[PDB]
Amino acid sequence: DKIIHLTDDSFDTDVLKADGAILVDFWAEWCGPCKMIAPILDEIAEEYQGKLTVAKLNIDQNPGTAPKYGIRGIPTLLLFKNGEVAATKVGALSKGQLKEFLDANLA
């Protein structure tokens, strides 16, 4: 609903050219930890309305983007502020951990 479903081609516009903070989720369908965090991202998108936007870029459907960010393990969450990576998180984490990751890095 509020999550951006990113593509290779749309990544520049949706992420790099966005005026504000984007939490990008690099994931794949076969990845268990990716799927466990997916409903956590859903809640993050609802609660952080106005502060950031959540966007996902499935790395099998869109194989181009992730190498540019040196992704080598999923899920990886990158936090962008205006096209620039501020904060990197690798592996699954809880809602309370992601929250703390966001709050601390959004400031």
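Residues carry their position along the shown sequence, with the first being 1.
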Lowest, middle or highest third - CA B-factor, residue 36:
highest
Could you place residue 14 in the lowest, middle or highest third of its chain by Cα temperature factor, using the values in the record?
middle
CA B-factor ranking of residue 60, expressed as a third of its chain:
middle
Could you look up the Cα B-factor of residue 21 in the entry and say which third of the chain it sits in: lowest, middle or highest?
lowest
